[PDB]
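Engineer: Structure file input-v7.cif, mmCIF, C-alpha atoms, is pasted below:
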```cif
data_upload
loop_
_atom_site.label_atom_id
_atom_site.label_comp_id
_atom_site.auth_asym_id
_atom_site.auth_seq_id
_atom_site.Cartn_x
_atom_site.Cartn_y
_atom_site.Cartn_z
CA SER A 1 12.13 8.31 -17.58
CA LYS A 2 14.51 9.59 -14.88
CA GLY A 3 11.96 9.16 -12.08
CA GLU A 4 13.99 6.53 -10.23
CA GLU A 5 16.69 9.15 -9.64
CA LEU A 6 14.27 10.77 -7.17
CA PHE A 7 14.50 7.72 -4.87
CA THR A 8 18.27 7.26 -4.55
CA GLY A 9 18.29 8.81 -1.06
CA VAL A 10 15.87 9.01 1.86
CA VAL A 11 12.61 10.71 0.88
CA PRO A 12 10.07 12.27 3.28
CA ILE A 13 6.55 10.85 3.09
CA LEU A 14 3.12 12.33 3.84
CA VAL A 15 -0.02 10.16 3.89
CA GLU A 16 -3.51 11.64 4.12
CA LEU A 17 -6.62 9.48 4.24
CA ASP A 18 -10.29 10.42 4.49
CA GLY A 19 -12.47 7.41 5.21
CA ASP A 20 -16.18 6.61 5.47
CA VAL A 21 -17.12 3.02 6.42
CA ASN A 22 -20.85 2.34 6.93
CA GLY A 23 -21.16 6.06 7.62
CA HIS A 24 -18.47 5.98 10.31
CA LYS A 25 -16.24 8.82 9.10
CA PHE A 26 -12.56 9.19 9.99
CA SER A 27 -9.28 10.75 8.93
CA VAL A 28 -5.69 9.47 9.14
CA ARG A 29 -2.43 11.40 8.71
CA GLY A 30 0.93 9.69 8.53
CA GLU A 31 4.45 10.98 8.22
CA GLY A 32 7.84 9.36 7.92
CA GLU A 33 10.37 8.54 5.25
CA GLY A 34 11.13 6.00 2.59
CA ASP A 35 14.46 4.47 1.60
CA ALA A 36 13.95 2.66 -1.72
CA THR A 37 17.61 1.57 -1.87
CA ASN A 38 16.76 -0.72 1.05
CA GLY A 39 13.03 -1.02 0.30
CA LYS A 40 12.33 0.46 3.73
CA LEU A 41 9.36 2.50 4.96
CA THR A 42 9.16 3.99 8.46
CA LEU A 43 5.88 5.81 9.15
CA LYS A 44 3.70 6.81 12.08
CA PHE A 45 -0.04 7.23 11.45
CA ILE A 46 -2.52 9.16 13.64
CA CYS A 47 -6.30 8.96 13.50
CA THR A 48 -6.88 12.71 13.66
CA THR A 49 -10.68 12.28 14.21
CA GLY A 50 -10.27 10.34 17.45
CA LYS A 51 -11.00 6.61 17.45
CA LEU A 52 -10.38 4.67 14.28
CA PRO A 53 -13.62 2.74 13.55
CA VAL A 54 -11.79 -0.05 11.67
CA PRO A 55 -8.72 -2.05 12.73
CA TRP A 56 -5.40 -0.51 11.79
CA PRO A 57 -4.22 -3.67 9.97
CA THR A 58 -7.09 -3.36 7.50
CA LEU A 59 -5.66 -0.01 6.33
CA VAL A 60 -2.00 -1.08 5.89
CA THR A 61 -2.28 -1.84 2.17
CA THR A 62 -4.18 1.42 1.56
CA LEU A 63 -1.77 3.61 3.51
CA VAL A 64 3.59 3.85 -1.59
CA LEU A 65 5.01 1.08 -3.77
CA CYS A 66 7.45 3.52 -5.39
CA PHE A 67 9.70 2.73 -2.41
CA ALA A 68 10.03 -0.96 -3.30
CA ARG A 69 13.58 -2.17 -3.77
CA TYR A 70 13.88 -3.32 -7.38
CA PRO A 71 17.11 -5.31 -7.91
CA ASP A 72 19.44 -3.82 -10.53
CA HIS A 73 18.50 -6.53 -13.04
CA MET A 74 14.82 -5.56 -12.65
CA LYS A 75 15.04 -1.74 -12.73
CA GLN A 76 13.30 -1.77 -16.13
CA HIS A 77 10.18 -3.31 -14.54
CA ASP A 78 9.59 -0.59 -11.93
CA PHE A 79 6.43 1.14 -13.12
CA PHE A 80 5.92 3.00 -9.83
CA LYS A 81 9.10 5.08 -9.94
CA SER A 82 8.90 5.59 -13.71
CA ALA A 83 5.64 7.51 -13.28
CA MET A 84 7.34 10.01 -10.95
CA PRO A 85 7.32 12.87 -10.08
CA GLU A 86 3.92 13.34 -11.74
CA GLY A 87 2.70 10.19 -10.02
CA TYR A 88 0.04 7.58 -10.47
CA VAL A 89 -3.50 6.87 -9.40
CA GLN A 90 -3.88 3.73 -7.29
CA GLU A 91 -7.38 2.28 -7.07
CA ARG A 92 -8.48 -0.77 -5.11
CA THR A 93 -11.48 -2.80 -4.18
CA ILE A 94 -10.79 -4.78 -0.99
CA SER A 95 -13.48 -7.39 -0.39
CA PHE A 96 -13.57 -8.81 3.14
CA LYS A 97 -14.95 -12.35 3.03
CA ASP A 98 -18.33 -12.73 4.78
CA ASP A 99 -18.37 -8.95 5.31
CA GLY A 100 -18.11 -5.55 3.62
CA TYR A 101 -15.76 -4.01 1.08
CA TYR A 102 -13.50 -0.98 0.81
CA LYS A 103 -13.20 1.13 -2.32
CA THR A 104 -10.12 3.32 -2.44
CA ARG A 105 -8.68 5.91 -4.79
CA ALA A 106 -5.27 7.38 -4.09
CA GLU A 107 -2.88 9.75 -5.82
CA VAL A 108 0.79 9.02 -5.18
CA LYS A 109 2.99 11.87 -6.37
CA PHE A 110 5.67 14.31 -5.34
CA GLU A 111 4.58 17.61 -3.81
CA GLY A 112 7.77 19.56 -3.43
CA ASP A 113 10.40 17.29 -1.91
CA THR A 114 7.79 15.04 -0.26
CA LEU A 115 6.23 11.87 -1.66
CA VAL A 116 2.50 12.23 -0.87
CA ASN A 117 -0.11 9.46 -0.78
CA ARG A 118 -3.57 11.06 -0.65
CA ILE A 119 -6.46 8.60 -0.33
CA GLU A 120 -10.24 8.61 -0.35
CA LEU A 121 -11.74 5.44 1.14
CA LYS A 122 -15.38 4.32 1.19
CA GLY A 123 -16.50 1.18 3.03
CA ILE A 124 -19.86 -0.45 2.34
CA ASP A 125 -21.99 -3.33 3.67
CA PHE A 126 -20.01 -4.09 6.81
CA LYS A 127 -21.51 -5.97 9.73
CA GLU A 128 -21.47 -3.61 12.70
CA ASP A 129 -20.14 -6.44 14.91
CA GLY A 130 -18.19 -8.28 12.23
CA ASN A 131 -14.41 -8.61 12.45
CA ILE A 132 -13.82 -5.13 11.00
CA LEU A 133 -16.34 -2.81 12.66
CA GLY A 134 -16.17 -5.10 15.72
CA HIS A 135 -12.38 -4.69 16.13
CA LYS A 136 -11.73 -8.45 16.24
CA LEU A 137 -8.41 -8.55 14.31
CA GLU A 138 -4.96 -8.92 15.86
CA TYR A 139 -2.57 -5.97 15.65
CA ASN A 140 -0.13 -7.50 13.16
CA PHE A 141 0.35 -8.05 9.43
CA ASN A 142 1.67 -11.27 7.91
CA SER A 143 4.35 -11.33 5.22
CA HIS A 144 2.87 -11.53 1.76
CA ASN A 145 3.73 -11.58 -1.95
CA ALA A 146 1.67 -9.57 -4.46
CA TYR A 147 1.89 -10.44 -8.17
CA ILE A 148 2.23 -7.48 -10.55
CA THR A 149 1.12 -7.63 -14.19
CA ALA A 150 1.18 -4.97 -16.86
CA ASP A 151 -2.13 -3.44 -17.99
CA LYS A 152 -1.19 -2.22 -21.44
CA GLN A 153 -4.76 -1.23 -22.38
CA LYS A 154 -4.62 1.30 -19.51
CA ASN A 155 -0.87 2.09 -19.70
CA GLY A 156 -0.42 0.84 -16.16
CA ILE A 157 -0.27 -2.20 -13.91
CA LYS A 158 -2.75 -4.32 -12.03
CA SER A 159 -2.51 -6.76 -9.17
CA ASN A 160 -4.77 -9.16 -7.32
CA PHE A 161 -3.80 -10.66 -3.99
CA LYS A 162 -5.31 -12.04 -0.82
CA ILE A 163 -4.38 -10.53 2.52
CA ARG A 164 -5.02 -12.88 5.46
CA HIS A 165 -5.73 -10.99 8.70
CA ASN A 166 -5.38 -12.93 11.95
CA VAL A 167 -8.67 -12.95 13.90
CA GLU A 168 -8.41 -12.88 17.70
CA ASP A 169 -10.10 -16.27 18.04
CA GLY A 170 -7.50 -17.90 15.77
CA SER A 171 -9.52 -17.82 12.56
CA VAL A 172 -8.47 -15.87 9.46
CA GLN A 173 -10.26 -12.96 7.79
CA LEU A 174 -9.62 -12.80 4.04
CA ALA A 175 -9.24 -9.40 2.38
CA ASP A 176 -9.37 -9.89 -1.39
CA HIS A 177 -7.52 -7.02 -3.09
CA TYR A 178 -8.08 -5.92 -6.68
CA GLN A 179 -5.73 -3.11 -7.65
CA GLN A 180 -5.14 -0.90 -10.69
CA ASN A 181 -2.52 1.81 -11.18
CA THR A 182 -2.39 4.33 -14.01
CA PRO A 183 0.00 7.25 -14.53
CA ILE A 184 -1.07 10.84 -13.93
CA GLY A 185 1.26 12.54 -16.40
CA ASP A 186 1.81 11.85 -20.08
CA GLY A 187 5.51 10.97 -19.96
CA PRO A 188 6.91 7.51 -20.64
CA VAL A 189 6.20 4.74 -18.14
CA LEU A 190 7.75 1.29 -17.81
CA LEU A 191 5.31 -1.57 -18.37
CA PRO A 192 6.79 -4.50 -16.46
CA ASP A 193 7.01 -8.13 -17.22
CA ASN A 194 5.17 -10.27 -14.69
CA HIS A 195 6.79 -10.28 -11.25
CA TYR A 196 5.89 -9.85 -7.58
CA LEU A 197 6.55 -7.63 -4.57
CA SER A 198 7.56 -9.30 -1.29
CA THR A 199 6.38 -7.34 1.73
CA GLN A 200 7.08 -7.62 5.45
CA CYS A 201 5.45 -5.43 8.09
CA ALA A 202 6.14 -4.70 11.75
CA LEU A 203 3.39 -2.81 13.64
CA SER A 204 4.05 -1.16 17.01
CA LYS A 205 2.88 1.61 19.33
CA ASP A 206 4.57 4.84 20.41
CA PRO A 207 4.61 4.88 24.25
CA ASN A 208 4.30 8.68 24.48
CA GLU A 209 1.31 8.88 22.09
CA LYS A 210 -2.22 9.17 23.47
CA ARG A 211 -4.03 9.37 20.13
CA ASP A 212 -5.13 6.24 18.27
CA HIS A 213 -2.13 5.48 16.07
CA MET A 214 0.05 2.93 14.28
CA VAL A 215 3.83 2.84 14.07
CA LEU A 216 4.81 0.99 10.91
CA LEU A 217 8.09 -0.45 9.65
CA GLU A 218 7.72 -2.07 6.23
CA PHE A 219 10.07 -3.67 3.67
CA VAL A 220 9.06 -4.12 0.03
CA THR A 221 11.37 -5.96 -2.40
CA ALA A 222 10.67 -6.91 -6.00
CA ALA A 223 11.38 -10.47 -7.17
CA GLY A 224 10.25 -13.16 -9.61
CA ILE A 225 12.13 -12.18 -12.79
CA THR A 226 14.68 -14.73 -14.05
CA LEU A 227 18.09 -13.14 -13.48
CA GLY A 228 19.85 -14.98 -16.29
CA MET A 229 23.53 -15.01 -17.24
CA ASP A 230 23.45 -12.41 -20.04
CA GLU A 231 22.87 -9.61 -17.50
CA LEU A 232 26.42 -10.31 -16.28
CA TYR A 233 28.29 -8.04 -18.77
#
```
Would you kindly transcribe this structure into C-alpha cells?
Structural biologist:
Amino acid sequence: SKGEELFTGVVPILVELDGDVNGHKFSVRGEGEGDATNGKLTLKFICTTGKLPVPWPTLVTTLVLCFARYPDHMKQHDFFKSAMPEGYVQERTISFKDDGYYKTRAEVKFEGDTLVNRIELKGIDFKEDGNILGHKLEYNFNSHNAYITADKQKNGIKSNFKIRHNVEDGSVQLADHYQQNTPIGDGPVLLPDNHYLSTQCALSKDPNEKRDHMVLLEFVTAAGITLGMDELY
C-alpha cells in the first residue's frame, strides 16, 4: 500500500457531522489542514445549526487518525494511512459515566485532494441537566494515550480508552470510548502490532467569529513499539 505517500505534505481537511442527542439535532462543519510529518492538525469547527447542544470537548474525539506521526521504525503499524485513499469506517460507542452515550459512524477518506471525515452521531439517554446537556464541562481537553490493537477477524483495528473531561466544579466526567475501524476498499491494509497514540489538544476561540465554534490544534504521535537495535541498518 502506497497510501502513506498521500500524507507527506500538508493536506486539506473537511469534517462534516450531523448529530442528534436526546432529539436535540445539530450540525458541525470543520475545515483546516493536517501535517502528518509533524502529527499536527489545525481545524476550526462551526455549529452551522446555531447553538451546539453538547459541550465542544465531548465531540473532540469524534471530529482523523491518518494524520498521526508514526516514527520511521513504526511505519509498518500505521493502519490508518494504509487504508487510503479509499478510507476506513470509524465507529464508536462513547459511554458517559452516570449519563448517556454517543454512537458514531464516520467515513474517513479522500475526496479529491481533501481528506474528509463525515460523521453521523446519535446520543441517547442523557440527563437534560447532566454535565453534557447541561453544559457543565470546562473548555479544554487533557492529554491522553489510546492503545491500538489489531482486529484481524475484521481486517482492522480496535481501541478502548477513557477520556476524562474536567467538570466545572472540579469533578471529572468519564467518557468511555469503544472504537472499531475497518477499511472501505479491498486493497491491502497494515494490521499493527499493539501500540498507542499520544494526543495533545489545545482548544481556543476565534475573536472575529460570532457563531458557536471551536478552534482546535492537536498533535497525535504513535509510540509504544520497542525500537530495538536491528532497525539501525
Engineer: Could you make a table, as CSV, of the residues of region 128-162 of chain A that have an atom within 8 Å of an atom of region 56-66 of chain A, each with its nearest atom pair and distance in Å to one decimal, counting only C-alpha atoms, in chain and number order?
Structural biologist:
```
residue,atom,partner,partner_atom,distance
A:132,CA,A:58,CA,7.8
A:137,CA,A:57,CA,7.8
A:138,CA,A:57,CA,7.9
A:139,CA,A:57,CA,6.3
A:140,CA,A:57,CA,6.4
A:141,CA,A:57,CA,6.4
```
Engineer: May I have the residues within 9 Å of residue 222 (chain A) as a list in words, using all atoms listed in the file and disregarding those fewer than 3 positions away in the same chain?
Structural biologist: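 Counting only the stated atoms, we get residues 39, 68, 69, 70, 71, 74, 78, 195, 196, 197, 198, 199 and 225 of chain A.
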Engineer: Run the PyMOL selection byres ((chain A and resi 189) around 6) mentally over the shown coordinates, then write out the matched residues as a list in words, using the chain letters and numbers from the document.
Structural biologist: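 Selected by the PyMOL selection byres ((chain A and resi 189) around 6) here: residues 82, 83, 188 and 190 of chain A.
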Engineer: List as number ranges by chain the residues having at least one atom at most 10 Å from position (-8.0, -11.6, 14.7) as given in the file, counting all atoms listed in the file.
Structural biologist: A: 55, 57, 131-132, 135-140, 164-173
Engineer: For the file shown, report as a PyMOL selection string the outcome of the PyMOL selection byres ((chain A and resi 3) around 7) at residue level.
Structural biologist: chain A and resi 1-2+4-6+81-85
Engineer: Please enumerate the residues selected by the PyMOL selection byres ((chain A and resi 184) around 9) when evaluated against the supplied file, formatted as a PyMOL selection string.
Structural biologist: chain A and resi 83-84+86-89+107+109+182-183+185-187
Engineer: I'd like the neighbourhood of region 44-50 of chain A as an mmCIF file with C-alpha atoms, in the frame of the given file, where a residue qualifies if any of its atoms comes within 7 Å (using all atoms listed in the file), though same-chain residues fewer than 5 positions away should be ignored.
Structural biologist:
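Output (part.cif):
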```cif
data_model
loop_
_atom_site.group_PDB
_atom_site.id
_atom_site.type_symbol
_atom_site.label_atom_id
_atom_site.label_comp_id
_atom_site.auth_asym_id
_atom_site.auth_seq_id
_atom_site.Cartn_x
_atom_site.Cartn_y
_atom_site.Cartn_z
ATOM 1 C CA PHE A 26 -12.560 9.190 9.990
ATOM 2 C CA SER A 27 -9.280 10.750 8.930
ATOM 3 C CA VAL A 28 -5.690 9.470 9.140
ATOM 4 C CA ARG A 29 -2.430 11.400 8.710
ATOM 5 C CA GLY A 30 0.930 9.690 8.530
ATOM 6 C CA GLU A 31 4.450 10.980 8.220
ATOM 7 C CA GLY A 32 7.840 9.360 7.920
ATOM 8 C CA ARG A 211 -4.030 9.370 20.130
ATOM 9 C CA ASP A 212 -5.130 6.240 18.270
ATOM 10 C CA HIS A 213 -2.130 5.480 16.070
ATOM 11 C CA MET A 214 0.050 2.930 14.280
ATOM 12 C CA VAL A 215 3.830 2.840 14.070
ATOM 13 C CA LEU A 216 4.810 0.990 10.910
#
```
Engineer: CA of residue 35 (chain A) and CA of residue 114 (chain A) are how many Å apart?
Structural biologist: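 Atom-to-atom, CA of residue 35 (chain A) to CA of residue 114 (chain A), that is 12.6 Å.
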Engineer: Show me, as a ChimeraX atom specification, the residues that have an atom within 7 Å of residue 157 (chain A) when counting all atoms listed in the file, minus same-chain residues fewer than 3 positions from it.
Structural biologist: /A:148-151,180-182
Engineer: Point out the residue among A:67, A:79, A:102, A:7 with the least atom-to-atom distance to residue 54 (chain A), counting only C-alpha atoms.
Structural biologist: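 Distance minimum relative to residue 54 (chain A) lands on A:102.
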Engineer: Just give me the gap between CA of residue 111 (chain A) and CA of residue 217 (chain A) in Å, one decimal is fine.
Structural biologist: 22.8 Å
Engineer: Given the choices A:174, A:52, A:41, A:115, which gets closest to residue 95 (chain A) if the distance is worked out from only C-alpha atoms?
Structural biologist: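 The answer is A:174, which sits nearest to residue 95 (chain A).
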Engineer: List every protein, DNA or RNA residue that has at least one atom no more than 8 Å from (19.9, -7.9, -15.0) in the file's coordinates, counting all atoms listed in the file, and write the result as a PDB file with C-alpha atoms, in the frame of the given file.
Structural biologist:
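Resulting contents of point01.pdb:
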```
ATOM      1  CA  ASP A  72      19.440  -3.820 -10.530  1.00  0.00           C
ATOM      2  CA  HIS A  73      18.500  -6.530 -13.040  1.00  0.00           C
ATOM      3  CA  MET A  74      14.820  -5.560 -12.650  1.00  0.00           C
ATOM      4  CA  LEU A 227      18.090 -13.140 -13.480  1.00  0.00           C
ATOM      5  CA  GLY A 228      19.850 -14.980 -16.290  1.00  0.00           C
ATOM      6  CA  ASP A 230      23.450 -12.410 -20.040  1.00  0.00           C
ATOM      7  CA  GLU A 231      22.870  -9.610 -17.500  1.00  0.00           C
ATOM      8  CA  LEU A 232      26.420 -10.310 -16.280  1.00  0.00           C
TER       9      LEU A 232
END
```
Engineer: Starting from the incomplete input, reconstruct N, CA, C and O atoms of region 14-31 of chain A and report them as a PDB file, in the coordinates of the input.
Structural biologist:
```pdb
ATOM      1  N   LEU A  14       4.356  11.870   3.226  1.00  0.00           N
ATOM      2  CA  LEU A  14       3.120  12.330   3.840  1.00  0.00           C
ATOM      3  C   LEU A  14       1.989  11.456   3.325  1.00  0.00           C
ATOM      4  O   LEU A  14       1.896  11.215   2.117  1.00  0.00           O
ATOM      5  N   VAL A  15       1.150  10.957   4.233  1.00  0.00           N
ATOM      6  CA  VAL A  15      -0.020  10.160   3.890  1.00  0.00           C
ATOM      7  C   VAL A  15      -1.229  10.847   4.477  1.00  0.00           C
ATOM      8  O   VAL A  15      -1.228  11.190   5.661  1.00  0.00           O
ATOM      9  N   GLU A  16      -2.251  11.055   3.656  1.00  0.00           N
ATOM     10  CA  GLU A  16      -3.510  11.640   4.120  1.00  0.00           C
ATOM     11  C   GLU A  16      -4.645  10.762   3.627  1.00  0.00           C
ATOM     12  O   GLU A  16      -4.737  10.477   2.427  1.00  0.00           O
ATOM     13  N   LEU A  17      -5.467  10.297   4.555  1.00  0.00           N
ATOM     14  CA  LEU A  17      -6.620   9.480   4.240  1.00  0.00           C
ATOM     15  C   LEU A  17      -7.872  10.135   4.813  1.00  0.00           C
ATOM     16  O   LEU A  17      -7.861  10.608   5.950  1.00  0.00           O
ATOM     17  N   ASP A  18      -8.933  10.167   4.011  1.00  0.00           N
ATOM     18  CA  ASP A  18     -10.290  10.420   4.490  1.00  0.00           C
ATOM     19  C   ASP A  18     -11.107   9.160   4.257  1.00  0.00           C
ATOM     20  O   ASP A  18     -11.157   8.654   3.129  1.00  0.00           O
ATOM     21  N   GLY A  19     -11.740   8.654   5.301  1.00  0.00           N
ATOM     22  CA  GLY A  19     -12.470   7.410   5.210  1.00  0.00           C
ATOM     23  C   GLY A  19     -13.905   7.540   5.679  1.00  0.00           C
ATOM     24  O   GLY A  19     -14.229   8.374   6.522  1.00  0.00           O
ATOM     25  N   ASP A  20     -14.761   6.679   5.119  1.00  0.00           N
ATOM     26  CA  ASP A  20     -16.180   6.610   5.470  1.00  0.00           C
ATOM     27  C   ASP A  20     -16.603   5.154   5.304  1.00  0.00           C
ATOM     28  O   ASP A  20     -16.752   4.690   4.174  1.00  0.00           O
ATOM     29  N   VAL A  21     -16.782   4.447   6.415  1.00  0.00           N
ATOM     30  CA  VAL A  21     -17.120   3.020   6.420  1.00  0.00           C
ATOM     31  C   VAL A  21     -18.461   2.861   7.129  1.00  0.00           C
ATOM     32  O   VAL A  21     -18.551   3.060   8.346  1.00  0.00           O
ATOM     33  N   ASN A  22     -19.492   2.466   6.378  1.00  0.00           N
ATOM     34  CA  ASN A  22     -20.850   2.340   6.930  1.00  0.00           C
ATOM     35  C   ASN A  22     -21.278   3.641   7.607  1.00  0.00           C
ATOM     36  O   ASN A  22     -22.001   3.627   8.607  1.00  0.00           O
ATOM     37  N   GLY A  23     -20.824   4.769   7.070  1.00  0.00           N
ATOM     38  CA  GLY A  23     -21.160   6.060   7.620  1.00  0.00           C
ATOM     39  C   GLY A  23     -20.337   6.467   8.827  1.00  0.00           C
ATOM     40  O   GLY A  23     -20.516   7.582   9.335  1.00  0.00           O
ATOM     41  N   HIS A  24     -19.448   5.600   9.302  1.00  0.00           N
ATOM     42  CA  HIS A  24     -18.470   5.980  10.310  1.00  0.00           C
ATOM     43  C   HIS A  24     -17.322   6.689   9.607  1.00  0.00           C
ATOM     44  O   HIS A  24     -16.536   6.056   8.897  1.00  0.00           O
ATOM     45  N   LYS A  25     -17.239   8.003   9.782  1.00  0.00           N
ATOM     46  CA  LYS A  25     -16.240   8.820   9.100  1.00  0.00           C
ATOM     47  C   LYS A  25     -14.973   8.920   9.942  1.00  0.00           C
ATOM     48  O   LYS A  25     -15.018   8.834  11.167  1.00  0.00           O
ATOM     49  N   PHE A  26     -13.823   9.049   9.268  1.00  0.00           N
ATOM     50  CA  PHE A  26     -12.560   9.190   9.990  1.00  0.00           C
ATOM     51  C   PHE A  26     -11.497   9.766   9.070  1.00  0.00           C
ATOM     52  O   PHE A  26     -11.636   9.763   7.843  1.00  0.00           O
ATOM     53  N   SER A  27     -10.439  10.297   9.680  1.00  0.00           N
ATOM     54  CA  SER A  27      -9.280  10.750   8.930  1.00  0.00           C
ATOM     55  C   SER A  27      -8.012  10.186   9.568  1.00  0.00           C
ATOM     56  O   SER A  27      -7.949   9.972  10.786  1.00  0.00           O
ATOM     57  N   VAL A  28      -7.005   9.939   8.722  1.00  0.00           N
ATOM     58  CA  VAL A  28      -5.690   9.470   9.140  1.00  0.00           C
ATOM     59  C   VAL A  28      -4.637  10.355   8.483  1.00  0.00           C
ATOM     60  O   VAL A  28      -4.756  10.707   7.303  1.00  0.00           O
ATOM     61  N   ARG A  29      -3.593  10.696   9.239  1.00  0.00           N
ATOM     62  CA  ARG A  29      -2.430  11.400   8.710  1.00  0.00           C
ATOM     63  C   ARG A  29      -1.217  10.623   9.158  1.00  0.00           C
ATOM     64  O   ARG A  29      -1.120  10.248  10.335  1.00  0.00           O
ATOM     65  N   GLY A  30      -0.319  10.360   8.217  1.00  0.00           N
ATOM     66  CA  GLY A  30       0.930   9.690   8.530  1.00  0.00           C
ATOM     67  C   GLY A  30       2.091  10.496   8.001  1.00  0.00           C
ATOM     68  O   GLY A  30       1.987  11.199   6.997  1.00  0.00           O
ATOM     69  N   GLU A  31       3.218  10.376   8.694  1.00  0.00           N
ATOM     70  CA  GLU A  31       4.450  10.980   8.220  1.00  0.00           C
ATOM     71  C   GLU A  31       5.606  10.051   8.532  1.00  0.00           C
ATOM     72  O   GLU A  31       5.570   9.283   9.494  1.00  0.00           O
TER      73      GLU A  31
END
```
